[PDB]
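Count the sequence shown with the authors' numbering and you get residues 3 to 169, in order. Where is the CB? At the ideal position from N, CA and C, for every residue including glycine.
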Amino acid sequence: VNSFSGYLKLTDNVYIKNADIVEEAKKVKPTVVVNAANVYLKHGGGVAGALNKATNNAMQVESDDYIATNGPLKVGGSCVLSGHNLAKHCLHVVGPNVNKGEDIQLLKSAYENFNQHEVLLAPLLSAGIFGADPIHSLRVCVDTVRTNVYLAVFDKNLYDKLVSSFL
Ligand SMILES: COc1cc(CC(=O)O)ccc1O
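This is the structure in structure tokens:
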């Protein structure tokens, strides 16, 4: 048994809710919150900008030191950094950004990172401002992630569409 509330069960291991991931993280303090990162860990907008703002920019300060030491992530890759005030850990995962012209086939690789963590609170990768089809992202999530994932979808109309269309 865990602390996540009001999620709709989609599969054995995937659950979904219409919620602000920042507000969910603040309430649950999960072991792992997933950030929808870019390869430079520049947390400017969307879930990344919203998570970073909720940490008072501490996420960005930590990320800048990570990049200075290790260089950029790969598209499809990830790193584990602090969750600051939101979670124990933040798993920064880079899904492909269609609006930068990145290969959508890398979405499955991005979701595979979730399998290294038993439970996660996460964004629907490559959806929203990342430019991919969110129905497709949810399908790739359910077909790739085997650990327990609690998906927080910010946009209400997007949530209703994802639930109604889920196979
Ligand atoms: C995958 O990252 C994002 C996903 C979404 C979709 C949503 O939850 O409404 C919005 C903004 C984002 O930055």
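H138, buried or exposed, once every other Cβ within 10 Å from all chains shown has been counted against 16:
Walking along the sequence shown from the start, residue 138 turns up at place 136. It counts as exposed.
For residue 174, name the three-state secondary structure that DSSP assigns.
Past the boundaries of the shown model lies residue 174; the chain is included only from 3 to 169, so the question cannot be answered.
Measuring CA to CA, which of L140, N159, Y161 and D157 is closest to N15?
Taking the first residue of the sequence shown as position 1, residue 15 is located at position 13. The shortest C-alpha separation from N15 is found at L140.
Just to confirm, is the Cβ distance from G79 to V96 under 9 Å?
Residue mapping note: residue 79 aligns to position 77 of the sequence shown, counting from 1. Residue mapping note: residue 96 aligns to position 94 of the sequence shown, counting from 1. Taking 9 Å as the Cβ cut-off, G79 and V96 qualify as a contacting pair.
Indicate whether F156 and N20 have their beta-carbon atoms separated by less than 9 Å.
Within the sequence shown, the letter at position 154 stands for residue 156. Within the sequence shown, the letter at position 18 stands for residue 20. Contact flag set, yes.
Looking only at its own chain, which residues have a Cβ that is under 7 Å from the Cβ of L12, when we skip the five neighbours before and after it?
For the purposes of this step, residue 12 is taken as residue 10 along the sequence shown, with counting starting at 1. A distance below 7 Å between beta-carbons, with the five flanking residues on each side excluded, links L12 to the following residues of its chain, in chain order: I18, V144 and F168.
Spell out the partners DSSP gives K19 in its beta bridges.
If you number the sequence shown from 1, residue 19 lands on position 17. Beta-bridge pairing by DSSP links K19 to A154.
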